[PDB]
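J.: I am attaching a structure below and will ask some questions about it afterwards.
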Amino acid sequence: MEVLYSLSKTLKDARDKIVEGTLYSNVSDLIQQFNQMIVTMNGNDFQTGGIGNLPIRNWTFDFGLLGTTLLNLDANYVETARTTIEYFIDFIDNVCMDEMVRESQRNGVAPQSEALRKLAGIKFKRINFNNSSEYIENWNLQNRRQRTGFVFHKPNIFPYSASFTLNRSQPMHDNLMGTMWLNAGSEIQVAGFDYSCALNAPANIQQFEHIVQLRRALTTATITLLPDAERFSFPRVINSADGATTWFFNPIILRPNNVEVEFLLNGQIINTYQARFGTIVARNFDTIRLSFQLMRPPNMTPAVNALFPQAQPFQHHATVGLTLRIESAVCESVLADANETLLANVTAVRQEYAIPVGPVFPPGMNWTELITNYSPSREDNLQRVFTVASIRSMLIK
Amino acid sequence: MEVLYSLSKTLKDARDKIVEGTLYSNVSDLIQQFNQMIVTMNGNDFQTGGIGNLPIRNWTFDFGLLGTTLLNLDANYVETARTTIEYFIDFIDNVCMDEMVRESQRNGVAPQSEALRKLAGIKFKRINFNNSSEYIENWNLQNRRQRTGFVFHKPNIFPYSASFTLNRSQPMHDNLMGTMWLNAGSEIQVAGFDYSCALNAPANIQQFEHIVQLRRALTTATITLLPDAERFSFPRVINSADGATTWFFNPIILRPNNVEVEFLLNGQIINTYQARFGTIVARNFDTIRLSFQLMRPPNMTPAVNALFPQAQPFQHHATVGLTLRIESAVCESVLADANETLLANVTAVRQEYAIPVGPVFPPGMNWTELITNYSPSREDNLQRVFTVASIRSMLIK
Amino acid sequence: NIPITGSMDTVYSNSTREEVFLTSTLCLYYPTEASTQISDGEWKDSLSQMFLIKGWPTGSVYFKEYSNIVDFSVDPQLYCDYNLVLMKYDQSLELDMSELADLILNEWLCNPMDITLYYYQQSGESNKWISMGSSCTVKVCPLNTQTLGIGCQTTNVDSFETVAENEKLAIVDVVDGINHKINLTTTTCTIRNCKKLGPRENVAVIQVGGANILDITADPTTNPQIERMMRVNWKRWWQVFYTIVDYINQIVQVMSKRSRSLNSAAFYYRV
Amino acid sequence: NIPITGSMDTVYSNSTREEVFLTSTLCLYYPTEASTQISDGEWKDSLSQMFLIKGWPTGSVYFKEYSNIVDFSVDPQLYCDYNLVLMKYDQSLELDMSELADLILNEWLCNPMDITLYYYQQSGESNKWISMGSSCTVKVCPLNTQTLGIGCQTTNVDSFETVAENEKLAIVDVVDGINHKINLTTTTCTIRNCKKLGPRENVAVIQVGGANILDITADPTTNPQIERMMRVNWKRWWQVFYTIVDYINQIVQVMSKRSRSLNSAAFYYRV
Ligand SMILES: *[C@@H]1O[C@H](CO)[C@@H](O[C@@H]2O[C@H](CO)[C@@H](O[C@@H]3O[C@H](CO)[C@@H](O)[C@H](O)[C@@H]3O)[C@H](O)[C@H]2NC(C)=O)[C@H](O)[C@H]1NC(C)=O
Ligand SMILES: *[C@@H]1O[C@H](CO)[C@@H](O)[C@H](O)[C@H]1NC(C)=O
Ligand SMILES: *[C@@H]1O[C@H](CO)[C@@H](O)[C@H](O)[C@H]1NC(C)=O
Ligand SMILES: *[C@@H]1O[C@H](CO)[C@@H](O)[C@H](O)[C@H]1NC(C)=O
Ligand SMILES: [Ca+2]
Ligand SMILES: [Ca+2]
Ligand SMILES: [Ca+2]
Ligand SMILES: [Ca+2]
Ligand SMILES: [Ca+2]
Ligand SMILES: [Ca+2]
Ligand SMILES: [Ca+2]
Ligand SMILES: [Ca+2]
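Chains as they are written, first to last, in the authors' numbering: chain Q, 1 to 397; chain C, 1 to 397; chain a, 56 to 326; chain q, 56 to 326.
Printed below as a string of structure tokens:
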């Protein structure tokens, strides 16, 4: 697989650096690498595909070396090189495509795709050129076991989940209290609501808490924390917990007072921020505790006073909320983002040829069910296919 | 790790074949291999232990080669060899204990225990002697990945579970119908019961079915299927499902008619035995479906007639059972047995030194909770520690 | 009924006796002669205070006197959540006592009968016709395929075969599968075609007098002594009531919560 | 009550209107002048049939006459499962109608007061004294911390400040924090110290006459309008009953089943 990345890197370099009129000084070492690759790959027969609709293909290499006597590259050099290069690019594209469609419940990181398995052999270890991209670097580190780090922008570490909890409930759902939350992508929007607006609460302060568990421990993450969770700040009609009936939610957005966010790793306080909105930083964490308070305002103009009575009806329903974006982070294990197209590449290649549901991955490879149960075998297979997709994207877009 | 197995094998053969008075032709090759082991281990320092109460210990190797001129072994030769062999056996035992106790979640197959990580290097490949034991040869097959296979006598593949379901019920628990089963070790015992004895069932035939899902499909498995389940054929009182109350039942065992046993692999009926008791076989099966019926006896001696009345009381409750032993099987993955002390060895080594609970194995390595959830990472680590236990048990029984 | 799976290792739950005593109500149906012999009238309040020791709150116990067994048989409404029926036995009242015990102990699904238009069969073993009223004298004339009497003339009520006379309550079982014509005093007595479902867990019958004689199951072969048909000897109604109060835990343990999606509304004395 | 988590993507369950009408009782409480204007007496049965058309079982609808508004105000016992209270408005009965509506529409936890002995404060905004009987005449006298009356001599009842007279029911609120000495006519009325819990969602009051005048919240500042306080114009009681029967689905939807663990037994009319 390191050899596969070397193939992709050297083809990208060949396509970018073997151009009309470029000096041989610019491309001498690349030509040496390319000649070594040709010599190693000559006289082999690879077979690619055979799963789903992806068609079987046979690859045979008999290509001559590239010239070295030219001071400054001319046309004919470029056409000879290109007629070799399109063939090689097609081979590498098919190898990556066939690798991305295969799983393994046991020993995921080991190659699949008998073509790639053959490439892994000792014969082709002289292709190893360079391991520079982030994904191949982390692959090499894992084989060289030590800390791996993938930097992500808007990581979707949170599986999609919208739900509420009611700590005070009636069958008529007229005097409720509790929380609602959407964890989606890099967003945690949480909103604690009290229908009574903290009448009988201790000192007219109602404590709301929300616990979010990450499946992987993000590191050095910039987090944007704002008040007033928007999604839960307008009228809504919500099915009850058991679906029997539907209750009505008519927000009035109070300030969230003395908020307090704890970022925890293995259940110990790693970072804490009180009443500190805007850009904050989580050094290294595995869970987020958001604790805020709905404090009834003692002084009120008559409008607010009419909104919040001491009586039974409670026409308007007080609430507070927090929004928490993970703008960027660093994780030890591979994730989808809003920046890299690796998940899109793998899913597209699977759907194109209608790969049957495999042993390890969820059907359709949907990130919510993939991350909600993110076992080590799944992580191995995901890292393998994501590295392969990153390799493929070097040449094919 | 194969180096560790070869060390154990050559030390065992040194302890055995190097005996007083034996011819030198009997052990020429063994003495050459022992000398290779001595001269390839010489100069290497090893660090063992440092987890739990397992003590840290340092091993240094500087030994003299065993003699070869001697045409017939005597006391001096064998006692010098024993002086070397005792130290080597001590080192091997400590290394095996270390690798048993250590654990990993990603790449479980890889060696933990920096001593074994050092042994896995390239310098120590000259010790590789031969890999003949069933565990080591399955290990080499996995490394060279192919179809592995372990032969198990009475494999404990079922998690311990005793329970029941009531397809007809009421708070008085006086007229029930349903199933009640135990799955433990290698035994399935399922008993359907009906208090009315199919009084109102269509055609006086009550249907019972029970589907058991194995975590790994067993290959070429011999099974002993008998009627009249033992444990569910005597009167007893069981707490209800909720646990609020308890309900009595007084079995009257009946012939289970047109019993069918389907052995299924991926929901595909692979074998089907209909009203055949005794010993049966299954080629390959991931699920067992025991279907049976309770037929009200169309003719009835007055004793049984008084026993089963058409009225309500139902003072004796008709039952029909099935017992199913898995006498032997072949499994691709590793399991505990009634014939193998591998699980006992691993668990004892962990307990004797009080290893902290790891991230992958359950606390105490209880087989029930280890096979209830038998994820691939758990399987990988289990195979590693079991193979190390085999290597250790070659010497230290 | 959906299946409900349950383990066989879960730990037994705590005692629910206090919960049920706080959440339910007990009600005792006794004959008027009990109060007559007691010769009191603070006795209901005294027994309520006495039950409070065993743990039934003050309002939980309801004493519903009835005149006597045959008169209480006519349409008994059991306004309660745990029903006790003290039942004084006298010779020659065996069948009527058994009728009442069968009626209340067993769950019945009853349909109206229009005697003046239709001739009624009995569907099977579980079907009976229950006639209740001030004086029920049901006379039956079985019919042929052409609707002609056998052993009777369909128009001469005198030749009919009487199966109950002047009884406040009669549970008649006739030969199943044969149409019948019925004569019952339509102004006085009401007859209903009922099917016996399972048992009624809510009610227990304390026979107060003689030998074990109640036969709920109309089948001659089976005579099962159900757990809810308790029996005790007596000389003093005070002793009977003290016995019941002392052993109330056992009685309500024998009984169990009623379970049936009823359709007929009626008054209940629930908390 | 423990937490109850729920998802925001659960599919809406099938409608439970059929289930609730099959397993609940509708419970009409109408004035006697209604029946007198009707001038009939099969009308209860006819309305039961017309309810059966809408979906209720034959016996699930229970009609209860009451004399007039105050006579119902004394001891409102709602012997049934979904209570509709027809309420004819006539002038000068605004406050007693409002008192009755408040009492039936809110849940009260409340306990007796021994007027002749103690002095009583009021805990707070949700703590009234409810007086019920043939003729209640509360006569209160506030006291000081020194236990001397203000505006009234502690002994002379003639100086006590009357706050209601000759009312069958009176929901009296006094200043919350002052020990009040009370005189109330123990023979013909009883007064009980009551505290206001959440709404009694089981009831719904249908004002039949003119404009909205019910103010269940004793606070002057808030005069909320509740879904359960319906109002329908009228000229004929038949028209009133027909409107109620036709739109019973809306009424029972507006109403909800009770939710309060009672410590007291009573005669309900359930199925
Ligand atoms: C079952 O048998 C009894 C026994 O006869 C039936 O009683 C009969 O009932 C009818 C109608 O109530 C009585 O008719 C009366 O006839 C006299 C003259 O005959 C007339 O003055 C009355 O106005 C009335 O029409 C009849 O007398 C009465 N029989 C006896 C002996 O008193 C009963 O009706 C039968 N059951 C059914 C459902 O028909
Ligand atoms: C059940 O009984 C045990 C022993 O008396 C007691 O410790 C436990 O608290 C009880 N359960 C509850 C819920 O109180
Ligand atoms: C489900 O809803 C439909 C409404 O279209 C109704 O016809 C059907 O009877 C309902 N089923 C149940 C079980 O309530
Ligand atoms: C109230 O005052 C009248 C007249 O003084 C008296 O007859 C009556 O007993 C008093 N009631 C109480 C409860 O003090
Ligand atoms: Ca005759
Ligand atoms: Ca009788
Ligand atoms: Ca019969
Ligand atoms: Ca019998
Ligand atoms: Ca009044
Ligand atoms: Ca005065
Ligand atoms: Ca007040
Ligand atoms: Ca008001």
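Here a beta-carbon is modelled for each residue, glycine too, at the ideal position from N, C-alpha and C.
For q:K194, does the count of other Cβ atoms within 10 angstroms reach 16, so buried, or fall short, so exposed?
T.: One-based indexing of the fourth sequence puts residue 194 of chain q at position 139. q:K194 comes out buried.
J.: Tell me the rounded alpha-carbon separation between C:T10 and C:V151.
T.: Translated into positions along the second sequence, residue 10 of chain C becomes position 10. Translated into positions along the second sequence, residue 151 of chain C becomes position 151. Spanning the two alpha carbons is a distance of roughly 25 Å.
J.: Taking Q:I396 as part of the beta strand (DSSP E), name the residues at either end of that continuous run.
T.: On the first sequence, residue 396 of chain Q is found 396 positions in, with the first residue counted as 1. Counting along the chain, Q:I396 falls outside any beta strand (DSSP E), and DSSP gives it neither H nor E.
J.: Within 8 Å of any Cβ in chain a, is that where the Cβ of q:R325 sits?
T.: In the fourth sequence, residue 325 of chain q corresponds to position 270, counting from 1. It does; some Cβ of chain a falls within 8 Å.
J.: How would you label residue 434 of chain C, buried or exposed, when you count the other beta carbons within 10 angstroms and need 16 or more for buried?
T.: Not covered by the structure: residue 434 of chain C. The range shown for chain C is 1 to 397.
J.: For a:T113, which residues in the same chain have their Cβ closer than 7 Å to its Cβ, ignoring the five residues on either side in sequence?
T.: In the third sequence, residue 113 of chain a corresponds to position 58, counting from 1. Taken in chain order, the residues that qualify are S103, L107.
J.: What would DSSP say about C:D93, mapped onto helix, strand or coil?
T.: Reading the second sequence from its first residue, position 93 is the one you call residue 93 of chain C. Three-state result, C:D93: helix.
J.: Look at the alpha carbon of q:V300 and the alpha carbon of q:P86, and state the distance between them as a whole number of angstroms.
T.: Along the fourth sequence, one-based indexing puts residue 300 of chain q at 245. Along the fourth sequence, one-based indexing puts residue 86 of chain q at 31. Each residue's alpha carbon lies about 17 Å from the other.
J.: Can you find a CB in chain C that lies within less than 8 Å of the CB of a:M63?
T.: For the purposes of this step, residue 63 of chain a is identified with residue 8 of the third sequence, where counting begins at 1. Chain C contact via Cβ: present.
J.: For C:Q268, name the three-state secondary structure that DSSP assigns.
T.: Numbered from 1 along the second sequence, position 268 holds the residue referred to as residue 268 of chain C. C:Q268 falls in the strand class under three-state DSSP.
J.: Around ligand 12, what residues have a beta-carbon under 6 Å from a heavy atom of it, in chain order?
T.: Counting every residue whose Cβ lies closer than 6 Å to a heavy atom of ligand 12, we get q:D270, q:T272, q:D274, q:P275, q:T277, q:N278.
J.: Check whether the segment 282-297 of chain Q touches the segment 202-213 of chain Q, taking contact to mean three or more Cβ pairs, one atom from each stretch, closer than 8 Å.
T.: The answer is yes - the segment 202-213 of chain Q touches the segment 282-297 of chain Q, with three or more Cβ pairs under 8 Å.
J.: What's the gap between the Cα of a:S79 and the Cα of q:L172?
T.: As a working note, residue 79 of chain a is residue 24 in the third sequence. As a working note, residue 172 of chain q is residue 117 in the fourth sequence. In a straight line, the C-alpha of a:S79 is about 35 Å away from that of q:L172.
J.: Would you check whether ligand 3 has a heavy atom nearer than 7 Å to the C-beta of residue 398 of chain Q?
T.: Residue 398 of chain Q falls outside the range modelled here, since chain Q spans only 1 to 397, and no answer is possible.
J.: If the cut is a Cβ gap below 8 Å, which residues of chain Q does q:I59 touch?
T.: Walking along the fourth sequence from the start, residue 59 of chain q turns up at place 4. Within 8 Å Cβ-Cβ: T165, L166, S169, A241.
J.: Kindly examine ligand 7 and report whether one of its heavy atoms sits closer than 7 Å to the Cβ of a:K183.
T.: Here the question's residue 183 of chain a lines up with position 128 in the third sequence. Answer for a:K183: yes, Cβ within range of ligand 7.
J.: Here's the rule I'm using: 16 or more other beta-carbon atoms within 10 Å means buried, otherwise exposed. How should q:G96 be labelled?
T.: If you number the fourth sequence from 1, residue 96 of chain q lands on position 41. It counts as exposed.
J.: Alpha carbons only, please: which of q:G232, q:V260, q:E222 is nearest the one belonging to q:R286?
T.: Taking the fourth sequence and counting its residues from 1, the one referred to as residue 286 of chain q is at position 231. Selected option, being the one with the closest Cα: q:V260.
J.: Which residues of the segment 291-325 of chain C have a Cβ closer than 9 Å to any Cβ of chain a? Give them in chain order.
T.: Hits within the stretch, in order: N305, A306, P309, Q310, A311, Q312, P313, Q315.
J.: Specify the secondary structure class of C:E187 as computed by DSSP and reduced to three states.
T.: Start at 1 with the first residue of the second sequence, and residue 187 of chain C comes out as number 187. Three-state DSSP puts C:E187 in a strand.
J.: Taking Cβ positions, are C:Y24 and C:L70 nearer each other than 8 Å?
T.: Residue numbering aside, residue 24 of chain C sits at position 24 when the second sequence is read from its first letter. Residue numbering aside, residue 70 of chain C sits at position 70 when the second sequence is read from its first letter. Yes, these two residues count as a Cβ contact at 8 Å.
J.: Closer than 8 Å, CB to CB, is q:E74 near chain Q or not?
T.: Here residue 74 of chain q is taken as the residue at index 19 of the fourth sequence, counted from 1. No, no contact with chain Q.
J.: Could you check what DSSP says for Q:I51 in three-state terms: helix, strand or coil?
T.: Within the first sequence, numbered from 1, the residue matching residue 51 of chain Q stands at position 51. Residue state, collapsed to three classes: coil.
J.: Along the chain, where does the beta strand (DSSP E) that runs through q:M284 open and close?
T.: In the fourth sequence, residue 284 of chain q corresponds to position 229, counting from 1. Note, q:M284: beta strand (DSSP E), 284-286.
J.: Using alpha carbons as the reference points, say which of a:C196, a:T245, a:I306 lies closest to a:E216.
T.: Here residue 216 of chain a is taken as the residue at index 161 of the third sequence, counted from 1. If we check each option's Cα against that of a:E216, a:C196 comes out closest.
J.: Classify Q:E379: buried if its beta carbon has 16 or more other beta carbons within 10 angstroms, exposed otherwise.
T.: Working through the first sequence from its first residue, we reach residue 379 of chain Q at position 379. Buried, by the Cβ-count rule.
J.: Which residues of chain q have a Cβ atom closer than 7 Å to the Cβ of Q:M172, listed in chain order?
T.: In the first sequence, residue 172 of chain Q corresponds to position 172, counting from 1. Neighbours of Q:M172 on chain q, chain order: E256, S311.
J.: Should Q:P251 and Q:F314 be called a contact, given that it needs their Cβ atoms to be closer than 8 Å?
T.: Along the first sequence, one-based indexing puts residue 251 of chain Q at 251. Along the first sequence, one-based indexing puts residue 314 of chain Q at 314. Not a contact, by the Cβ cut-off of 8 Å.
J.: For the beta strand (DSSP E) containing C:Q293, list its first residue and its last residue.
T.: On the second sequence, residue 293 of chain C is found 293 positions in, with the first residue counted as 1. It spans 278-295 - the beta strand (DSSP E) in which C:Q293 sits, taken as one unbroken run.
J.: Should Q:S377 go down as buried or exposed, given a rule of 16 or more other Cβ atoms within 10 Å for buried?
T.: Here residue 377 of chain Q refers to the residue found at position 377 when the first sequence is read from its first residue. The residue is buried, with at least 16 neighbouring Cβ atoms inside 10 Å.
J.: Which residues in the same chain as C:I396 place their Cβ atom closer than 6 Å to its Cβ, once the five residues preceding and following it in sequence are excluded?
T.: As a position in the second sequence, residue 396 of chain C is number 396, starting the count at 1. Excluding positions up to five away in sequence, the list reads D93.
J.: Count the other C-beta atoms from every protein chain shown that fall within 10 angstroms of the C-beta of q:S186, then say buried if there are 16 or more, exposed otherwise.
T.: Here residue 186 of chain q is taken as the residue at index 131 of the fourth sequence, counted from 1. Classification for q:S186: buried.
J.: By the criterion of Cβ-Cβ separation under 9 Å, what are the contact partners of a:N56 in chain C?
T.: Residue numbering aside, residue 56 of chain a sits at position 1 when the third sequence is read from its first letter. Simply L166, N167, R168, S169, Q170.
J.: By Cβ distance below 6 Å, which residues in the same chain neighbour C:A14 in space, the five residues on each side in sequence not counted?
T.: Here residue 14 of chain C is taken as the residue at index 14 of the second sequence, counted from 1. Once the five neighbours on either side are set aside, the close Cβ partners of C:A14 are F34, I85.
J.: Using 8 Å as the limit for Cβ to Cβ distance, is C:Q105 near chain Q?
T.: The count along the second sequence starts at 1 and reaches residue 105 of chain C at position 105. C:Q105 counts as touching chain Q.
J.: Is Q:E327 closer than 8 Å to Q:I223 when the C-beta atoms are compared?
T.: For the purposes of this step, residue 223 of chain Q is identified with residue 223 of the first sequence, where counting begins at 1. For the purposes of this step, residue 327 of chain Q is identified with residue 327 of the first sequence, where counting begins at 1. Against a cut-off of 8 Å, the Cβ pair of Q:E327 and Q:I223 comes out as a contact.
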